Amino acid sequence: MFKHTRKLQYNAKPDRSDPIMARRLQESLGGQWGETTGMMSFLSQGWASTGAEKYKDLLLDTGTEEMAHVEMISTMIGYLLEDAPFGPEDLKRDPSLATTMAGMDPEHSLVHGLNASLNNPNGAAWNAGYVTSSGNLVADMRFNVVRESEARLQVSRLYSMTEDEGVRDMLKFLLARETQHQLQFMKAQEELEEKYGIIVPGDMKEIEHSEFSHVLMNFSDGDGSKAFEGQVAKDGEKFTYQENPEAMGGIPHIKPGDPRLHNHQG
């Protein structure tokens, strides 16, 4: 179960309004790699785990934290939308606001009354297709590192998309929390790799066709990738290199379907 305090985890107030930045920050709220993705991924993985409490609790700790970040971004967006222009009265006051209006999300005003959406900057709804919870935490801890890496990349970009020190203060906090989250998930990932194996899943080495497991296949005519040849892979075996990959599976010949399908193909 959860409980809520009205107090934010950390400052989420800008020095001044900026509806263009509000639109950008929709990426962090409703985007592919945003806080809602973190929240739902870590919570769902956490609820699904039947294994080590170290990792189950880490996931629930972090997913709960991400809910605080969802709250923070939603709040920042609301502040940033204060006094945003949306109609003729605004243009009469200052005709240059047309530029601002053009760069805004039309739905911020029209749909939400100058409040945050749960979409990205382009109005694409957040969706669960952004979430991963597979049941395998070697894989999912890798995913969690990625989530925090792509997110911190975006936050770092956002930092260079404003000069507002209030917005930056919030971003600087999130950068630090994303460092922590990257690191904690990397530690979990490494412990899980040590237990189960470096290849995911770790218990299929005897099943796969081993002859092809360490061959770098040169499908594009650049030769940059030849530099991997002879390097030691993370499992201790060297990469080999195949200059000209071969087509080994023959030409397929699927059977024409039943006439009731009307598959008229010549």
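We number the residues from 1 along the sequence you see.
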Is the mean CA B factor in the deposited entry higher across 94 to 102 or across 79 to 87? 94 to 102
For the stretches 192 to 200 and 126 to 134, which has the higher mean C-alpha B-factor as given in the deposited record? 192 to 200
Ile20, C-alpha B-factor rank within chain (lowest, middle or highest third): middle
Comparing against every modelled residue in the chain, figure out the third that the C-alpha B-factor of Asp57 lands in (lowest, middle or highest). middle
In terms of its chain's C-alpha B-factors, the third that includes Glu178 is the middle
Would you mind ranking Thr50 by its C-alpha B-factor against the rest of the chain and naming the third, lowest, middle or highest? middle
Which third, lowest, middle or highest, does the CA B-factor of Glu107 fall in along this chain? lowest
